[PDB]
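Participant: Right, I'll just put the structure down here and ask away after.
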Ligand SMILES: *[C@](O)(C(N)=O)[C@H](C[C@@H]1CCNC1=O)NC(=O)[C@H](CC1CC1)n1ccnc(NC(=O)OC(C)(C)C)c1=O
Ligand SMILES: *[C@](O)(C(N)=O)[C@H](C[C@@H]1CCNC1=O)NC(=O)[C@H](CC1CC1)n1ccnc(NC(=O)OC(C)(C)C)c1=O
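Protein chains in written order, with PDB author numbering: chain A, 1 to 306; chain B, 1 to 303.
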């Protein structure tokens, strides 16, 4: 009972967070086995940031210019390399708290938890989605760079995001753990703007199913719709196209509630056309689009991690 | 920048969660030192749950009836006792991951993180306020009982809530870690209901400050209100009276933004009277009251 925006338990990731310092610059790194991953811009001064040549700047560094701290233990750096926009520091000590992990690249619409960190110390955890415009709506102050996003599957931590920068309007951009940016952004202090964002339609539908599961049913109407006719209406409200794959993905929640996906689509079509008229759904006055179908099932069925 | 509902990192608490089974009931316990804390209704059969005589039920139990598992490992129960609505199971092994901790009783309007768990295994983390009506708007399924709420200050975990029950409307009730319920609720199967709730005024003002700090400033206006005139309006909308103590508590946010509390109050009055006319604040179309002044400072400064 109840429905809440919920993050994964963060403990397995907390035990991987370190502080990385290069000259004057400090930010966070991810310690897994005998490697620390962090944003490559740790090697820049503020001077360099307008248009840094990272290959050149790194050549001029040595292992000893990297101070890595795990709490109050310094980790000795014995190698370094750059992969895209991440720096990999080889250290002489493997992290005893390394979880089972993998590195994944997520798609727009997918959600994940962020462990916000400062100076290598976890400070808070919250749930985000990769927006269609390849930004995230995060909460990040100076010092947060190198904080990561992740999912847990059973015992396995999938790292999908490392934080690098803030864009206009206070949204955020970063890379996968191979250092490739999500979106067309670059790690440079230069004019960049996100494209126009859109609503993640499949997620709105997941959350309408969540609503029904939790006893909110006022928006259910007597109609069905074709996929085509739904998309005609939804594109007019800056909604992402709903695909057959999305319809297929919503199948389990459809069967659970006994409301056909295209019947839910017809309800959403009416909500877009007529508004919510001051009413709320699951305690929100807007349609929520940062719960995936999986997120809904997970929360409504109580799936667990150890 | 940016402003998100944010829970504390849950690792220190995760290291304390165990599974407790008695008979056919399995739920969660909190393992600190050599004691496991859980809801006493773990000892009930469903027929007991009508008006359980806990004292007498517990006398009939053996330490052997309590199956406590921490991951793979069975913890032998060597002692049991009861404190209000909480059961304490002494075990023969002290939790090596016990953090620095305290048990606190939270006040209505204050917030805490919940670690929802099932079968002693962590499921998820989220933030709740203790409502004025002594409920929390949580997300809990069968098996979640014994999940706890907490705040972390530096390295010290302040435990403030343990989960016992759901109420009509899909809200939740529970106890402090001494087993005393928040609100007038009782741990038995009997029809119970939350009283009428009120909106935490000071928290709404904190969140409006958070909005301004993050550059969302459209609702600011050149007007001010007296404290009394503010309360006359807001109390019509079932907002808690704003006291001078509240105004004082907001002083750091007032100072950070340069907006006096009674200036911000004029925004709030106008939002209540006229609504948002299609606009949002920090991406919400409603006024949010589950962020404390501390939560906003913490998040807009980065502790
Ligand atoms: C990161 O370097 C750190 N040490 O924490 C930092 C994190 C940001 C600080 C405020 N919010 C953040 O998310 N990143 C940066 O400061 C980047 C570094 C660049 C290599 C990527 N950075 C530098 C300069 N400017 C910006 N943003 C900016 O100008 O924002 C506007 C467009 C909104 C004005 C930036 O992110
Ligand atoms: C808890 O015992 C557990 N094993 O997890 C459980 C948690 C709830 C189940 C669904 N979501 C929860 O939060 N608690 C209960 O089942 C309590 C036990 C009572 C001693 C306190 N309980 C028992 C009976 N009824 C209710 N409430 C109830 O039926 O609420 C309705 C009217 C909204 C359906 C209850 O919480």
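Using N, Cα and C, we set each Cβ at its ideal position, and we do this for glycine too.
1) What's the gap between the Cα of residue 230 of chain B and the Cα of residue 246 of chain B?
2) List the residues of chain B that residue 172 of chain A touches, going by C-beta distances under 8 Å, in chain order.
3) Can you find at least 3 beta carbon pairs, one from the region 199 to 215 of chain B and one from the region 153 to 166 of chain B, that sit closer than 8 Å?
4) Which of the residues in the region 114 to 129 of chain B, read from start to end, lie with their CB under 9 Å from any CB of chain A?
5) Are the C-beta of residue 285 of chain B and some C-beta of chain A separated by less than 8 Å?
6) By the criterion of Cβ-Cβ separation under 8 Å, what are the contact partners of residue 5 of chain A in chain B?
7) Under 9 Å, CB to CB, which of the residues in the region 212 to 237 of chain A have a partner in chain B?
8) Using a threshold of 7 Å, is the CB atom of residue 53 of chain B nearer than that to any non-hydrogen atom of ligand 2?
9) Mind listing which residues have their beta carbon within less than 6 Å of any non-hydrogen atom of ligand 2? Chain order is fine.
10) Using the beta-carbon count (16 or more within 10 Å), is residue 92 of chain A buried or exposed?
11) Expressed to the nearest angstrom, what Euclidean distance is found between the alpha-carbon atoms of residue 177 of chain A and residue 168 of chain B?
12) So, at 6 Å on beta carbons, what are the nonlocal neighbours of residue 305 of chain A in its own chain, with the 5 sequence-adjacent residues on each side left out?
13) Can you find a CB in chain B that lies within less than 8 Å of the CB of residue 146 of chain A?
14) Regarding residue 49 of chain A and ligand 1, is the C-beta to nearest heavy atom distance less than 7 Å?
15) Within 10 angstroms of the Cβ of residue 56 of chain A, are there 16 or more other Cβ atoms? Answer buried if so, exposed if not.
16) For residue 224 of chain B, collect the residues of the same chain with a Cβ closer than 6 Å to its Cβ; drop the 5 residues on either side in sequence, then sort them by chain order.
17) Would you please verify whether the beta carbon of residue 102 of chain A is less than 8 Å from any beta carbon of chain B?
18) Would you mind sorting residue 200 of chain B into buried or exposed? The rule is 16 or more other CB atoms within 10 Å of its CB.
19) For chain B, find out if any of its Cβ atoms is closer than 8 Å to the Cβ of residue 158 of chain A; answer yes or no.
20) Keeping to the same chain, check which residues put their C-beta closer than 7 Å to that of residue 124 of chain A; ignore five residues upstream and five downstream.
21) Could you give the first and the last residue of the continuous alpha helix (DSSP H) run that contains residue 301 of chain B?
22) Tell me the rounded alpha-carbon separation between residue 144 of chain A and residue 174 of chain A.
23) I'd like to know if residue 108 of chain B contacts chain A, where contact means its C-beta is closer than 8 Å to some C-beta of that chain.
24) Residue 230 of chain B lies in the alpha helix (DSSP H); which residues open and close that run?
25) Could you pull the DSSP bridge partners for residue 48 of chain B from this structure?
26) Consider the Cβ of residue 302 of chain B: report whether some Cβ of chain A lies at a distance smaller than 8 Å.
27) Less than 8 Å between CB atoms is the rule here; does residue 9 of chain A satisfy it with respect to chain B?
28) Under three-state DSSP, which class holds residue 39 of chain B?
Facilitator: Looking at the coordinates:
1) Taking the first residue of the second chain as position 1, residue 230 of chain B is located at position 230. Taking the first residue of the second chain as position 1, residue 246 of chain B is located at position 246. In a straight line, the C-alpha of residue 230 of chain B is about 13 Å away from that of residue 246 of chain B.
2) As a position in the first chain, residue 172 of chain A is number 172, starting the count at 1. Against chain B, the beta carbon of residue 172 of chain A has neighbours under 8 Å at 2, listed in chain order.
3) no
4) 114, 115, 116, 117, 118, 119, 120, 121, 122, 123, 124, 125, 126, 127 and 128
5) For this step, residue 285 of chain B is matched to residue 285 along the second chain. Yes, residue 285 of chain B lies at the interface with chain A (some Cβ there is under 8 Å from its Cβ).
6) For this step, residue 5 of chain A is matched to residue 5 along the first chain. Ordered by position in chain B, the residues that pass the 8 Å Cβ test against residue 5 of chain A are 5 and 126.
7) Along the region 212 to 237 of chain A, going in chain order, the ones with a CB nearer than 9 Å to a CB of chain B are 214 and 215.
8) The residue given as residue 53 of chain B occupies position 53 in the second chain. For ligand 2, not one heavy atom lies less than 7 Å from the Cβ of residue 53 of chain B.
9) A:1, B:27, B:41, B:140, B:141, B:142, B:143, B:144, B:145, B:164, B:165, B:166, B:167, B:168, B:172, B:187, B:188 and B:189
10) The residue given as residue 92 of chain A occupies position 92 in the first chain. Label assigned to residue 92 of chain A: exposed.
11) Here residue 177 of chain A refers to the residue found at position 177 when the first chain is read from its first residue. Here residue 168 of chain B refers to the residue found at position 168 when the second chain is read from its first residue. Approximately 45 Å between the Cα atoms of the pair.
12) On the first chain, position 305 is the one that residue 305 of chain A refers to. Hits under 6 Å: 152.
13) Here residue 146 of chain A corresponds to residue number 146 of the first chain, with the count starting at 1. With 8 Å as the cut-off, residue 146 of chain A does not count as an interface residue toward chain B.
14) Along the first chain, read from residue 1 onward, the residue named residue 49 of chain A stands at position 49. Checking every heavy atom of ligand 1 against the Cβ of residue 49 of chain A, one is found closer than 7 Å.
15) Along the first chain, one-based indexing puts residue 56 of chain A at 56. Under the 10 Å beta carbon count, residue 56 of chain A is surrounded by fewer than 16 other beta carbons and is classified as exposed.
16) For the purposes of this step, residue 224 of chain B is taken as residue 224 along the second chain, with counting starting at 1. Hits under 6 Å: 262, 263 and 266.
17) For the purposes of this step, residue 102 of chain A is identified with residue 102 of the first chain, where counting begins at 1. Not one chain B Cβ lies under 8 Å of residue 102 of chain A.
18) As a first step, residue 200 of chain B must be located in the second chain, where it is residue number 200. Residue 200 of chain B is buried by the Cβ-count criterion.
19) Reading the first chain from its first residue, position 158 is the one you call residue 158 of chain A. Residue 158 of chain A does not count as touching chain B.
20) Against the first chain, residue 124 of chain A aligns to sequence position 124. Taken in chain order, the residues that qualify are 116.
21) Counted from its first residue, the second chain places residue 301 of chain B at position 301. 293 to 301 is the span of the alpha helix (DSSP H), which, as asked, contains residue 301 of chain B.
22) Position 144 of the first chain, counted from the start, is the residue given in the question as residue 144 of chain A. Position 174 of the first chain, counted from the start, is the residue given in the question as residue 174 of chain A. In a straight line, the C-alpha of residue 144 of chain A is about 12 Å away from that of residue 174 of chain A.
23) Your numbering for residue 108 of chain B matches position 108 in the second chain. No, no contact with chain A.
24) Looking up residue 230 of chain B in the second chain gives position 230. Under the DSSP assignment, residue 230 of chain B falls in the alpha helix (DSSP H) whose first and last residues are 227 to 234.
25) To locate residue 48 of chain B, count along the second chain from 1; it is residue 48. In the DSSP output, where bridge partners are listed per residue, residue 48 of chain B has none listed.
26) Along the second chain, read from residue 1 onward, the residue named residue 302 of chain B stands at position 302. Against chain A, the CB of residue 302 of chain B has a partner CB under 8 Å away; the residue lies at that interface.
27) One-based indexing of the first chain puts residue 9 of chain A at position 9. True, the Cβ-Cβ gap to chain B drops below 8 Å.
28) Here residue 39 of chain B refers to the residue found at position 39 when the second chain is read from its first residue. If DSSP states are grouped into helix, strand and coil, residue 39 of chain B belongs with the strands.
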